[PDB]
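At position 9 of the sequence shown the residue is numbered 9 (the deposited numbering), and the sequence of numbers has no breaks. All C-beta atoms, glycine included, are put in the ideal place defined by N, C-alpha and C.
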Amino acid sequence: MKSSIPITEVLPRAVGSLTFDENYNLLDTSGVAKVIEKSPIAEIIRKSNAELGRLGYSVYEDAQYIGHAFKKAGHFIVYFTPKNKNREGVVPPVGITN
Numbered sequence: 001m002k003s004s005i006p007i008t009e010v011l012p013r014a015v016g017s018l019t020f021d022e023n024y025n026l027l028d029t030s031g032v033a034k035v036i037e038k039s040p041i042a043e044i045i046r047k048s049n050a051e052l053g054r055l056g057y058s059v060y061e062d063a064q065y066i067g068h069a070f071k072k073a074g075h076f077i078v079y080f081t082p083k084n085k086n087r088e089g090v091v092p093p094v095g096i097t098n
């Protein structure tokens with residue numbers, strides 16, 4: 001029901017974005033991600049690193065916003081969406097894992 005949603009959708013739908021390093025160190029904080037806490041996100045980023053590839057796995061679900069981790073160019077970025085539940089007529093493929 002959550003689904004790992006592609007960045008092409010999550011990027012524009014996001015209202016906050018956290019740029020982390022591969023050492024799980026916070027580099028940049030933008031958008032609502034500034035008022036959102038970073039406490040448990042690093043641990044979920046690594047977990048999601050194994051889980052996802054180019055899709056956004058929800059790492060931080062709050063009553064206000066929901067953050068999704070993405071594998072970026074040599075870095076990890078978490079895009080926070082305002083519980084975006086509108087216009088979900090797009091399905092993300094489970095992956096070509098064969």
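- Relative to the Cα of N25, the nearest Cα in the group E43, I66 and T81 belongs to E43.
- Excluding the 5 residues flanking it on each side, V32 has same chain C-beta neighbours closer than 7 Å at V15, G16, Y65 and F80, in chain order.
- Separation of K72 and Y60 (C-alpha to C-alpha, rounded to the nearest whole angstrom) is 18 Å.
- DSSP places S17 inside the beta strand (DSSP E), whose first and last residues are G16 to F20.
- Residues of the same chain with a CB within less than 7 Å of the CB of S3, apart from the 5 flanking positions on each side, are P92 in chain order.
- Your pair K38 and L18 checks out as a contact, with CB atoms roughly 7 Å apart and the cut at 8 Å.
- Minimum Cα-Cα distance from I41 among the listed residues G53, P12, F76 and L11 corresponds to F76.
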